[PDB]
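One chain comes next, on its own, written as structure tokens: the form deposited in one PDB entry.
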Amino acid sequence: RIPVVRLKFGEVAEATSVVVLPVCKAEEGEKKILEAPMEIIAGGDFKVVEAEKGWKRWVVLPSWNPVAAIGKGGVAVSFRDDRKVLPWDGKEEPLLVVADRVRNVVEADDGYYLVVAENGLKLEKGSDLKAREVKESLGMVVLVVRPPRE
């Protein structure tokens, strides 16, 4: 299905290179997802990150292959629980979903997309969305991030 990575306890501190992404909560809905800064350019000798819009919450992640590949339009969405979100098995834990809202249009049959559910926010397979005559989503899920544990 989709690539999923568990962040190691203290992996961010030991990393050589890092990406920074705006954060959204599950409860706060679709509105804050769209309002989040789209153009996140990092430059200079200090790798200073400047966004177009002001933002409140942020996440620091190591430069994973598919994550750094996004550039413009990257975002991370928080979840309290992994059950009502993941299509397959969960483990009853908080979750971060990295999305590329630049390619929000459904085209990949095997890829997964962030969509507004009749209740909150869920993850859908492209083929299932195509069945419902749904073309535009909130963005394609690039990576699912799982928390450090013992």
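If you superpose the two forms and keep the largest set of C-alpha atoms that fall within 1.5 Å, you have the rigid core. Numbers for residues come from their place in the sequence shown, where the first is 1. Shifts are known only where both forms have a C-alpha.
There is another form of this protein, the form deposited in another entry, and it is not shown here; the text below is about that form.
After superposing the rigid core, the Cα of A15 is displaced by 2 Å or more between the shown form and the other one. In this overlay on the rigid core, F46 has a C-alpha that sits less than 2 Å away from its partner position between the shown form and the other one. When the rigid core is held fixed, the Cα atom of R57 travels less than 2 angstroms between the shown form and the other one. Legend note: Cα of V67 to Cα of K91 is at least 3 Å farther in the other form than in the depicted form. Three angstroms is the minimum change: in the other form, the CA atoms of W88 and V144 sit farther apart than in this structure, by 3 Å or more. Taking residues common to both forms and aligning the rigid core, Cα displacements of 2 Å or more over three or more consecutive positions between the shown form and the other one occur in 8-17, 83-91, 118-120.
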